[PDB]
2 protein chains.
Amino acid sequence: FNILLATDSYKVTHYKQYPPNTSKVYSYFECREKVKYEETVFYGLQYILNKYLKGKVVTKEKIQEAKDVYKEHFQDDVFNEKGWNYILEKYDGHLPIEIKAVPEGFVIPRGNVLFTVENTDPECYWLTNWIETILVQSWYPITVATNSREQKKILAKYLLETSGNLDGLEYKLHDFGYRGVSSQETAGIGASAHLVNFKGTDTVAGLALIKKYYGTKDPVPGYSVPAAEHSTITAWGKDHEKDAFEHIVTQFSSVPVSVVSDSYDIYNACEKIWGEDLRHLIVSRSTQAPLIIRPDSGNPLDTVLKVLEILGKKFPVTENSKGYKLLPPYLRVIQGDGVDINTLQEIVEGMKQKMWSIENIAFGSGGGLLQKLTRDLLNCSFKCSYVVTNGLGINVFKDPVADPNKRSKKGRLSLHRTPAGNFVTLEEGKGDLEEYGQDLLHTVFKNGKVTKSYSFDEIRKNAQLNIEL
Amino acid sequence: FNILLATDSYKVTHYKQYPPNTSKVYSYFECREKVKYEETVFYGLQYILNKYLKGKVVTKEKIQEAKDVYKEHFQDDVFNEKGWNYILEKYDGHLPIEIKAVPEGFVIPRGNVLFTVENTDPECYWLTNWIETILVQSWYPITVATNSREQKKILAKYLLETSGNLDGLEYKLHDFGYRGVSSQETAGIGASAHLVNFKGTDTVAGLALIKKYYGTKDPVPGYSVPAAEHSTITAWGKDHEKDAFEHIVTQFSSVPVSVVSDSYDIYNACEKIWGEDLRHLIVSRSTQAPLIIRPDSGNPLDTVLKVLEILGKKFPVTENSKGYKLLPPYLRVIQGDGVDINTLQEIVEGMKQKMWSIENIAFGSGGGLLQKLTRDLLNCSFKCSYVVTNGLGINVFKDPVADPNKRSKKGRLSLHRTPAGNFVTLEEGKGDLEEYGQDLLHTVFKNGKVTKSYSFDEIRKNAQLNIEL
Ligand SMILES: CSc1ccc(CNC(=O)[C@@H]2CCCN(c3ncnc4nn(-c5ccc(C)cc5)cc34)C2)cc1
Ligand SMILES: CSc1ccc(CNC(=O)[C@@H]2CCCN(c3ncnc4nn(-c5ccc(C)cc5)cc34)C2)cc1
Ligand SMILES: NC(=O)c1cccnc1
Ligand SMILES: NC(=O)c1cccnc1
Ligand SMILES: [Cl-]
Ligand SMILES: [Cl-]
Ligand SMILES: [Cl-]
Ligand code: NA
């Protein structure tokens with residue numbers, strides 16, 4: 001990895017564009033104000049600091065490689081070789097940057113400063129926004145963690161209403177997204193962001209990322225169970241679906257097992273194969289190791305409701321203390337097709353209307369959880385708010401006439417708790433007046449060193465729901 | 001990277017689920033039949049084969065690491081240590097897999113086999129679908145390349161209609177997506193997929209990936225120009241926007257320069273600052289080095305039309321041979337906000353209705369180009385179609401009752417030309433009848449080696465538009 005080749009091309013040319021006599025560029029990240037996504041989980045900067053920004057990130061070889069690439073890419077010599085060589089020679093290739101950030105896992109309303117970046121050497125005024133591109137990719141773990149948390153709020157509301165408690169909430173949304181994301185690196189980052197809120201994942205890449213960059217007291221941060229796929233059912237031949245089911249449940253008789261049941265006819269599988277032919281292998285199972293029937297096609301809500309109606313007629317259903325129907329404890333359902341925050345809401349509301357407890361179900365989400373998200377969802381943005389030119393600080397901002405939502409903050413910023421316990425971003429260096437308590441931004445990176453780190457356990461505690469609290 | 005930890009968790013348990021005495025699992029990838037996206041660019045498998053699948057990918061240390069993680073992740077011992085040890089011992093950790101694929105850059109209608117995977121050793125029946133997760137991530141470069149090519153078809157239609165030629169087509173959609181994708185790895189993959197169709201990118205990560213995995217005769221596959229961002233304009237102070245513009249155009253007097261003009265008032269900037277105050281610095285520029293004015297906010301079509309109306313009144317507009325208005329050659333526009341395939345269509349049709357040539361404009365697209373895409377767009381899917389159990393080949397498939405779109409192909413597959421020169425996928429080994437000539441798939445991977453490969457130049461030739469041919 002070469003940090004000189006890890007920026008948007010145009011940023012190579014910006015050192016020639018800033019006002020002459022500029023010694024400081026100070027920039028900030030927010031999820032701009034515009035499911036409403038009123039608050040965001042701050043997560044993932046520590047990964048970026050450690051993997052890409054810390055230590056000796058400039059060498060003679062990286063400077064020459066960048067110079068050679070940019071000569072061809074621009075068909076001109078515009079690269080700031082002198083400025084990068086300055087960092088190599090003066091700081092042994094360590095970036096003269098200070099980053100201050102809200103603690104990871106903090107849940108912050110939209111339109112607040114989450115982190116700030118500034119150069120610590122006047123010669124490196126251009127470096128603050130060089131690293132915008134790398135740092136703005138924090139949008140992704142923020143957005144995954146935030147959208148996963150918003151789904152946890154929906155599950156918590158319906159579980160509480162239909163059962164009176166939150167037991168097993170942290171296992172109710174399982175990551176099925178490894179195949180559906182755009183890269184191996186995205187898989188690890190996204191899976192780790194989902195694990196801020198939940199414990200169930202098949203995206204194995206998330207485990208190694210958490211171990212390397214964050215750390216847990218427990219051996220692993222996420223868990224799974226044996227489960228079939230269409231290949232392990234259909235390989236038996238269509239006439240032998242029952243033989244596949246029997247073999248699989250028997251192989252994993254003492255742990256929970258998920259069995260995809262829609263290869264040919266989900267309704268037949270539930271009513272006749274599970275319901276009658278193999279019923280003796282289901283009713284013998286323990287509470288700790290239930291059979292989890294997995295539909296994977298059709299309208300998500302209609303299919304869940306029809307599967308529950310079938311199973312409720314073939315198995316001994318109880319009524320819990322809230323008046324909701326509960327399958328026996330050896331039998332559960334997972335809906336792992338077509339699940340995103342919108343369809344999750346539709347399914348749990350549909351179940352509540354048909355008097356089915358959310359205790360009966362869990363959800364698998366792949367593309368909806370890890371891929372169907374953009375930087376525009378929370379309006380994640382990085383902008384310069386302060387410069388020093390000719391030794392004088394000036395408050396800098398954009399305010400496009402056709403879009404007031406794109407207006408940016410002015411001056412030096414700080415994040416504070418309000419008297420009512422909410423959050424406020426003070427602009428124009430007004431934090432210096434000390435009318436609002438301590439600034440919540442902490443130095444996390446300075447002059448090539450990570451200065452403050454968070455464990456994954458601390459991040460999970462910070463990101464808890466109020467209902468859990 | 002550890003390929004043993006690079007699969008969906010449930011696949012760790014599948015070796016125990018296939019029928020006893022299964023010697024072969026044969027699987028295939030397609031963009032299932034369901035802007036219509038009727039044809040897909042096959043691109044990106046070669047990256048995956050080289051980076052993740054070739055050579056010694058199993059070691060004693062990688063087996064022990066996977067064993068230790070899966071013991072905690074499943075809270076049980078289910079990991080196939082013996083199976084992975086067999087590959088390490090017998091094949092020096094090279095995967096006993098054969099992959100056959102359509103040549104990269106090929107443009108193939110939906111619902112055709114694009115690649116097949118099978119084990120070459122009967123002991124490794126379980127390995128075919130272990131690597132589904134890694135291989136299915138090819139959805140991403142396929143989908144970026146396909147959606148980029150569909151935008152090229154729109155630009156080609158309107159450029160031809162308004163100008164009579166395709167001059168500059170390959171520069172008309174520029175990648176601005178580096179900050180808006182989910183990881184560094186995704187940035188390189190997605191940028192490379194856009195460069196199958198276009199030559200303009202700010203996502204520098206794409207260049208290294210292409211050089212390393214594909215190659216080009218030219219020194220670089222993609223190009224950019226100096227350009228401003230809001231920080232380099234706003235840092236001057238709101239009252240000094242003219243000074244910023246003047247400094248920037250003067251710094252890049254002899255190459256094209258893009259200047260974001262919407263920091264405070266895009267209409268004022270065009271009419272008064274560019275139009276009057278700095279007009280003398282614009283009219284003096286060469287055809288090879290125009291000023292490119294960049295709006296970045298407001299309704300994308302309405303803002304482009306108003307910017308063009310303003311500039312047409314301040315600069316000497318001509319009428320081209322098709323009767324469309326053309327700014328002088330020293331002045332162009334780039335719309336780099338809110339561009340996706342839908343808004344691109346809306347803008348070029350709106351320009352045509354107002355008699356503005358598409359010669360006047362280029363587009364920048366970021367999240368729309370590289371991030372706002374999912375595996376569901378082209379229904380990218382990997383399924384088992386053939387197994388050998390007890391020495392007998394079985395044609396296997398899924399056919400869910402509630403969704404006929406999810407039905408999968410049966411048996412051994414091959415790709416052929418029809419008598420009319422179209423594509424057909426033959427099922428159930430019917431390719432062997434030689435009624436449709438030779439299979440168009442080539443072996444690209446066998447027993448740990450990449451056996452056939454494509455330069456980036458060949459991929460570009462394969463992905464050309466008919467209108468270009
Ligand atoms: C489906 S509904 C269920 C399932 C299994 C069970 C068996 N019990 C377990 O697995 C342990 C112990 C008790 C708490 N607990 C869970 N509680 C509620 N719900 C859960 N769900 N899960 C889940 C597991 C695997 C996946 C892939 C997805 C979700 C796990 C859930 C995790 C009980 C209920
Ligand atoms: C805006 S419209 C233009 C712009 C610049 C120019 C100056 N000319 C160039 O740059 C070379 C030589 C001639 C062909 N040629 C281009 N032709 C049409 N169109 C283009 N567009 N571009 C483009 C450049 C940079 C970006 C970031 C995006 C698009 C580049 C374009 C690339 C002419 C027309
Ligand atoms: N465990 C599962 O059922 C699963 C995992 C990943 C994708 N789809 C299903
Ligand atoms: N070159 C540009 O104008 C640019 C690049 C990346 C993102 N936004 C704008
Ligand atoms: Cl060095
Ligand atoms: Cl599956
Ligand atoms: Cl910009
Ligand atoms: Na070894």
Side-chain angles (χ1 to χ4, degrees), chain A residues 5 8-10 13-14 16-19 72-74 76 129 133 136 140 178-180 182-183 185-186 189 202 204 207 219-220 223-224 226-228 230-232 234-237 248 251 255 262-265 297-298 367 371-372 374-376 384 387 394 396-403 406, chain B residues 5 8-10 13-14 16-19 69 72-74 76 129 133 136 140 178-180 182-183 185-186 189 202 204 219-220 223-224 226-228 230-232 234-237 248 251 255 262-265 297-298 367 371-372 374-376 384 387 394 396-403 406:
Chain A
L5 292 172
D8 291 299
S9 305
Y10 72 152
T13 74
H14 289 171
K16 298 186 158 228
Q17 298 184 26
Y18 288 107
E72 298 305 333
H73 179 62
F74 287 105
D76 204 10
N129 275 39
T133 317
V136 162
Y140 175 67
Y178 205 166
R179 85 195 55 184
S182 47
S183 66
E185 191 183 2
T186 290
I189 298 165
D202 272 40
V204 176
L207 308 185
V220 295
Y223 301 96
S224 195
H230 295 103
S231 76
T232 62
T234 62
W236 292 74
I248 297 162
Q251 285 294 112
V255 295
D262 76 330
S263 296
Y264 317 105
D265 184 339
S297 55
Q371 184 59 38
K372 195 171 67 168
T374 70
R375 192 174 62 91
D376 197 55
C384 177
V387 301
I394 69 154
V396 171
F397 63 94
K398 62 181 287 198
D399 184 24
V401 68
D403 194 352
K406 289 183 168 174
Chain B
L5 291 170
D8 292 297
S9 306
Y10 70 154
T13 74
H14 290 168
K16 290 183 151 202
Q17 299 185 25
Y18 289 108
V69 169
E72 301 302 333
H73 181 59
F74 287 104
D76 205 1
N129 274 41
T133 318
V136 164
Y140 176 67
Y178 205 167
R179 79 192 60 185
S182 46
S183 67
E185 192 183 4
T186 290
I189 298 167
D202 268 45
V204 173
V220 291
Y223 301 93
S224 196
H230 293 103
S231 77
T232 63
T234 63
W236 292 73
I248 298 163
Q251 286 294 305
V255 294
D262 78 331
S263 294
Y264 318 103
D265 186 335
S297 52
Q371 182 65 32
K372 200 170 73 182
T374 66
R375 186 179 67 92
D376 198 54
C384 177
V387 301
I394 307 294
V396 301
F397 60 98
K398 62 179 289 194
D399 185 21
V401 69
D403 195 353
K406 289 185 172 180

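Only this structure's heavy atoms are used, side chains among them; waters, hydrogens and symmetry mates stay out. Chain letters run A, B, ... following the sequence lines, proteins first and then strands; every chain starts at 1.
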Of all the heavy-atom pairs spanning [X] and [Y], show the shortest one and how long it is.
X: B:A235; Y: A:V387; value: O-CG2, 3.6 Å
X: A:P400; Y: B:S297; value: CB-OG, 3.5 Å
X: B:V204; Y: A:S9; value: CG2-OG, 3.2 Å

**Asked** Which residues pass the side-chain hydrogen bond (donor to acceptor under 3.5 Å, both in side chains) test with A:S183, sequence neighbours left out?
**Response**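 side-chain hydrogen bond (donor to acceptor under 3.5 Å, both in side chains) list for A:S183, sorted by chain: A:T186, B:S183, B:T186.
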Do you know which of [options] has the most heavy-atom pairs with chain A at a distance under 4.5 angstrom?
options: B:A402, B:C384, B:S263, B:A227; value: B:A227
options: B:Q371, B:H73, B:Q251, B:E185; value: B:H73
options: B:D202, B:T133, B:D8, B:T13; value: B:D202
options: B:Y264, B:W236, B:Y223; value: B:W236

Options [options], ranked by heavy-atom pairs under 4.5 Å with chain B, top entry:
options: A:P219, A:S182, A:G237, A:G367; result: A:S182
options: A:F74, A:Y178, A:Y140; result: A:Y178
options: A:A228, A:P226, A:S224; result: A:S224

Side chain, backbone, both or neither of [X] within contact of chain A (heavy atoms, under 4.5 Å):
X: B:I248; result: side chain
X: B:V255; result: side chain
X: B:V136; result: both

**Any A:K372 side-chain heavy atom under 4.5 Å of B:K372 side chain** = no
**Asked** Is the closest side-chain heavy-atom distance between B:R179 and A:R375 below 4.5 Å?
**Response**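 A side-chain contact exists here, since the closest heavy-atom pair is under 4.5 Å.
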**Item:** Check: A:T232 main-chain N/O paired with B:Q17 side-chain donor or acceptor under 3.5 Å
**Value:** no
**Asked** Hey, does the side chain of B:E72 reach the backbone of A:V220 with a donor-acceptor pair shorter than 3.5 angstrom?
**Response**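 Checked: no pair found.
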**Request:** For B:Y10, check ring-ring contact (aromatic ring centres under 6.0 Å, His included) against everything at least two apart and list the hits.
**Result:** B:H14
**Donor-acceptor side-chain pairing of A:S231 and B:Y18 below 3.5 angstrom** = yes
**Message:** Just verifying a value: how many Å separate A:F397 CZ and B:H230 NE2, rounded to the nearest 0.5 Å?
**Reply:** 12.5 Å
**Item:** Nearest-0.5 Å distance, CG of residue B:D399 to OG1 of residue A:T234
**Value:**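 With rounding to 0.5 Å, CG (B:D399) is 11.5 Å from OG1 (A:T234).
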Using non-hydrogen atoms and a 4.5 Å limit, figure out which bit of [X] sits close to chain B: side chain, backbone, both or neither.
X: A:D76; answer: side chain
X: A:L5; answer: both
X: A:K16; answer: both

